[PDB]
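This is input.cif (mmCIF, C-alpha atoms and all ligand atoms).
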```
data_protein
#
loop_
_atom_site.label_atom_id
_atom_site.label_comp_id
_atom_site.auth_asym_id
_atom_site.auth_seq_id
_atom_site.Cartn_x
_atom_site.Cartn_y
_atom_site.Cartn_z
CA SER A 321 -76.23 30.24 72.02
CA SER A 322 -74.08 27.19 71.16
CA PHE A 323 -72.77 25.70 67.90
CA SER A 324 -69.62 24.24 66.36
CA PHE A 325 -67.25 25.54 63.70
CA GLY A 326 -63.85 24.27 62.61
CA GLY A 327 -63.68 21.69 65.40
CA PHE A 328 -64.48 24.19 68.17
CA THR A 329 -67.65 24.58 70.20
CA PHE A 330 -68.60 28.26 70.42
CA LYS A 331 -70.58 29.43 73.46
CA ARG A 332 -71.96 32.96 73.30
CA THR A 333 -71.52 34.70 76.64
CA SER A 334 -72.62 38.25 75.73
CA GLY A 335 -74.17 40.22 72.89
CA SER A 336 -76.36 39.09 70.00
CA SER A 337 -76.47 39.23 66.23
CA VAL A 338 -78.68 38.94 63.17
CA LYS A 339 -77.71 37.08 59.99
CA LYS A 340 -77.67 38.39 56.43
CA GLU A 341 -76.14 37.15 53.19
CA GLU A 342 -73.36 39.38 51.89
CA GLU A 343 -70.92 39.42 48.98
CA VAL A 344 -67.19 39.89 49.67
CA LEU A 345 -64.13 40.20 47.38
CA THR A 346 -61.02 38.07 47.90
CA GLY A 347 -57.46 39.24 47.25
CA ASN A 348 -57.85 37.70 43.78
CA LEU A 349 -61.09 39.69 43.25
CA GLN A 350 -63.27 36.57 43.43
CA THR A 351 -66.75 37.25 44.81
CA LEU A 352 -67.90 34.95 47.65
CA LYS A 353 -71.34 34.90 49.26
CA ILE A 354 -71.12 34.45 53.04
CA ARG A 355 -73.70 34.64 55.81
CA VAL A 356 -72.58 37.63 57.90
CA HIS A 357 -73.56 37.90 61.56
CA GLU A 358 -74.19 41.55 62.46
CA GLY A 359 -73.67 42.55 66.07
CA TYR A 360 -71.15 42.63 68.87
CA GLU A 361 -70.71 39.22 70.52
CA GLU A 362 -68.37 37.57 73.01
CA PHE A 363 -67.68 33.82 72.95
CA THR A 364 -65.80 31.02 74.62
CA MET A 365 -64.19 28.67 72.08
CA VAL A 366 -63.63 25.13 73.38
CA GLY A 367 -61.66 22.60 71.37
CA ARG A 368 -60.00 19.30 72.17
CA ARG A 369 -56.53 20.86 72.18
CA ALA A 370 -57.11 24.60 72.72
CA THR A 371 -59.58 27.10 74.16
CA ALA A 372 -60.01 30.81 73.80
CA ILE A 373 -62.03 33.87 74.68
CA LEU A 374 -63.19 35.78 71.60
CA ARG A 375 -64.69 39.28 71.34
CA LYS A 376 -65.94 40.25 67.89
CA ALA A 377 -68.02 42.86 66.12
CA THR A 378 -69.50 42.67 62.64
CA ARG A 379 -66.63 41.34 60.51
CA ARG A 380 -64.03 42.49 63.05
CA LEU A 381 -62.02 40.47 65.53
CA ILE A 382 -61.53 42.71 68.58
CA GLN A 383 -59.77 40.38 71.03
CA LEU A 384 -58.72 36.75 71.15
CA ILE A 385 -56.97 35.20 74.16
CA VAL A 386 -55.99 31.63 73.34
CA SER A 387 -54.42 28.81 75.34
CA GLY A 388 -53.67 25.25 74.25
CA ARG A 389 -51.42 22.21 74.26
CA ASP A 390 -48.68 23.62 72.00
CA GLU A 391 -47.99 25.90 69.04
CA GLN A 392 -49.77 23.73 66.49
CA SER A 393 -53.05 23.67 68.40
CA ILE A 394 -52.84 27.35 69.36
CA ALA A 395 -52.19 28.34 65.74
CA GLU A 396 -55.16 26.23 64.65
CA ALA A 397 -57.41 28.04 67.13
CA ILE A 398 -56.12 31.40 65.86
CA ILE A 399 -56.89 30.42 62.26
CA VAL A 400 -60.40 29.28 63.14
CA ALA A 401 -61.07 32.52 65.02
CA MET A 402 -59.68 34.67 62.21
CA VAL A 403 -61.93 32.92 59.69
CA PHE A 404 -64.91 33.05 62.06
CA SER A 405 -64.43 36.82 62.46
CA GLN A 406 -65.11 37.29 58.71
CA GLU A 407 -62.60 40.19 58.75
CA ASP A 408 -61.76 41.82 55.44
CA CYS A 409 -58.03 41.28 55.83
CA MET A 410 -58.68 37.54 56.10
CA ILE A 411 -60.84 37.56 52.96
CA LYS A 412 -58.16 39.60 51.16
CA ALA A 413 -55.41 37.16 52.16
CA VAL A 414 -56.91 34.65 49.69
CA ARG A 415 -54.61 35.21 46.69
CA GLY A 416 -55.78 32.46 44.32
CA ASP A 417 -59.18 31.25 43.23
CA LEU A 418 -61.25 29.17 45.65
CA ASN A 419 -62.24 25.87 44.05
CA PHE A 420 -65.98 25.37 44.51
CA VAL A 421 -66.39 22.76 41.75
CA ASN A 422 -64.36 19.67 42.74
CA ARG A 423 -66.71 16.90 43.84
CA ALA A 424 -65.24 17.03 47.37
CA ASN A 425 -65.88 20.79 47.69
CA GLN A 426 -69.53 20.58 46.53
CA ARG A 427 -70.93 20.85 50.07
CA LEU A 428 -68.46 23.29 51.67
CA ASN A 429 -70.05 26.71 51.97
CA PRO A 430 -67.64 29.63 51.43
CA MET A 431 -66.88 29.92 55.16
CA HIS A 432 -65.67 26.31 55.17
CA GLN A 433 -63.77 26.79 51.89
CA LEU A 434 -61.95 29.71 53.52
CA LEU A 435 -61.19 27.60 56.58
CA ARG A 436 -59.73 24.75 54.49
CA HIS A 437 -57.66 27.24 52.48
CA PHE A 438 -55.92 28.66 55.54
CA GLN A 439 -55.62 25.27 57.26
CA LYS A 440 -53.50 24.25 54.25
CA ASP A 441 -51.34 27.37 54.61
CA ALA A 442 -51.82 30.36 56.91
CA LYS A 443 -48.62 32.27 56.08
CA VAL A 444 -50.33 34.96 53.98
CA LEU A 445 -53.15 35.25 56.55
CA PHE A 446 -50.72 35.84 59.44
CA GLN A 447 -48.45 38.18 57.49
CA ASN A 448 -51.32 40.44 56.37
CA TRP A 449 -53.37 40.41 59.58
CA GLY A 450 -51.21 43.12 61.16
CA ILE A 451 -49.12 43.37 64.33
CA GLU A 452 -49.20 45.76 67.26
CA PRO A 453 -46.98 46.57 70.26
CA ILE A 454 -48.17 45.06 73.53
CA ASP A 455 -47.79 45.55 77.28
CA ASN A 456 -46.76 43.46 80.27
CA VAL A 457 -49.95 41.60 81.15
CA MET A 458 -48.46 38.82 83.24
CA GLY A 459 -49.87 35.40 82.43
CA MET A 460 -50.09 36.31 78.73
CA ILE A 461 -47.65 36.75 75.86
CA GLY A 462 -47.69 37.99 72.29
CA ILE A 463 -47.39 35.80 69.22
CA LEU A 464 -45.74 36.93 65.99
CA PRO A 465 -46.86 36.07 62.45
CA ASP A 466 -44.27 33.27 62.37
CA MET A 467 -45.85 31.83 65.57
CA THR A 468 -42.89 32.57 67.83
CA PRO A 469 -43.67 34.20 71.20
CA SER A 470 -42.83 37.85 71.84
CA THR A 471 -43.11 40.13 74.86
CA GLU A 472 -43.18 43.32 72.75
CA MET A 473 -45.33 42.69 69.64
CA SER A 474 -48.24 40.49 68.65
CA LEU A 475 -50.75 39.74 65.92
CA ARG A 476 -53.37 42.47 66.30
CA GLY A 477 -55.90 41.63 69.02
CA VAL A 478 -54.33 38.22 69.78
CA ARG A 479 -52.63 37.10 73.00
CA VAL A 480 -51.54 33.64 74.17
CA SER A 481 -52.33 32.60 77.75
CA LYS A 482 -50.53 29.98 79.81
CA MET A 483 -52.58 26.79 79.99
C1 LIG A 501 -69.50 33.76 61.63
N1 LIG A 501 -70.52 33.05 62.38
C2 LIG A 501 -70.86 31.72 62.04
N2 LIG A 501 -71.81 31.41 63.09
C3 LIG A 501 -72.42 30.12 63.24
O1 LIG A 501 -71.48 29.09 62.99
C4 LIG A 501 -72.17 27.93 62.45
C5 LIG A 501 -71.57 27.53 61.12
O2 LIG A 501 -71.45 28.68 60.25
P1 LIG A 501 -71.70 28.58 58.67
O3 LIG A 501 -71.43 27.19 58.22
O4 LIG A 501 -70.99 29.71 58.00
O5 LIG A 501 -73.26 28.90 58.55
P2 LIG A 501 -74.59 28.00 58.43
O6 LIG A 501 -75.74 28.84 58.84
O7 LIG A 501 -74.34 26.70 59.10
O8 LIG A 501 -74.65 27.76 56.85
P3 LIG A 501 -74.90 28.55 55.43
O9 LIG A 501 -74.01 29.77 55.39
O10 LIG A 501 -74.54 27.52 54.37
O11 LIG A 501 -76.37 28.91 55.41
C6 LIG A 501 -73.65 28.30 62.37
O12 LIG A 501 -74.38 27.81 63.49
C7 LIG A 501 -73.63 29.83 62.35
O13 LIG A 501 -74.81 30.38 62.91
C8 LIG A 501 -71.98 32.48 63.91
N3 LIG A 501 -72.75 32.53 64.93
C9 LIG A 501 -72.70 33.70 65.53
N4 LIG A 501 -73.43 33.90 66.51
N5 LIG A 501 -71.94 34.75 65.18
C10 LIG A 501 -71.10 34.77 64.13
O14 LIG A 501 -70.43 35.76 63.91
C11 LIG A 501 -71.17 33.51 63.47
#
```

Rewrite the structure of this file - the entire thing - as structure tokens.
Amino acid sequence: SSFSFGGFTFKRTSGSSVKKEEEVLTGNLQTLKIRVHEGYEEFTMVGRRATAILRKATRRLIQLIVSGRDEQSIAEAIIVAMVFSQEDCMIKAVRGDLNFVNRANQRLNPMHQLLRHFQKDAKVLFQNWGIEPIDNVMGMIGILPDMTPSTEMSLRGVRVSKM
């Protein structure tokens, strides 16, 4: 029930899943083979600089409530969770080819190639994830694709909590 991904320790608190290999198409129509976890699961994500509560279904991020030291660490947690969710809109935000041949990419599986890609630049990821109107849940705030806080709109499923 415990593992690490992208610098975060994930702790499953509810649900379960089975694993299966699956092919997915990027925004540049490149086929990647990823190990998909099938099932509804809830997690706590614990990093050095941020933590979050994550609820996910098969290839769908349902909710992510993230707190952390500042915008850079909160954004990094959001990126890791978006990649971890394996959502189609994250796969489709890859607009160029993923380099799997360079000697330094020879051991990254596709999940880690995706993570590195969006760690270098997440602008397309955030712009294509989608936004939604939000309500007045005190203690929490919305975050826009450009990472500025908002009390009216937020990246779909994502809220920022005070630390
Ligand atoms: C998306 N993931 C990824 N993951 C876990 O996160 C860790 C790293 O993921 P990964 O590198 O894609 O998979 P891993 O099995 O290590 O490697 P590979 O795909 O090369 O066979 C593993 O312990 C994996 O089981 C997950 N664990 C659970 N429970 N649910 C999930 O949705 C996921």

Just need the box for ligand LIG 501 (chain A), edges along x, y and z, holding every atom the file lists for it with 8 Å tacked onto each side, so centre and edge lengths in Å to one decimal, as AutoDock Vina command-line options.
```
--center_x -72.9 --center_y 31.2 --center_z 60.4 --size_x 22.9 --size_y 25.1 --size_z 28.1
```

At a cut-off of 7 Å, using all atoms listed in the file, what residues contact segment 443-448 of chain A? Leave out same-chain residues fewer than 2 positions from it and give the result as a list in words. residues 409, 410, 413, 441, 450 and 465 of chain A

Do a neighbour search on residue 341 of chain A at 7 Å with only C-alpha atoms, toss out local chain neighbours closer than 2 positions, and write the hits as a list in words.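 My reading of the contact set: residues 339, 353, 354, 355 and 356 of chain A.
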
Q. Which polymer residues have any atom within 10 Å of an atom of residue 412 of chain A, counting all atoms listed in the file, with same-chain residues fewer than 2 positions away left out, as a ChimeraX atom specification?
A. /A:344-350,407-410,414-415,444-445,448-449

Closest of A:371, A:422, A:433, A:387 to ligand LIG 501 (chain A), counting only C-alpha atoms and all ligand atoms, is A:433

- Between atom CA of residue 440 of chain A and atom CA of residue 474 of chain A, what is the spacing in Å?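 Answer for the atom CA of residue 474 of chain A to atom CA of residue 440 of chain A separation: 22.3 Å.
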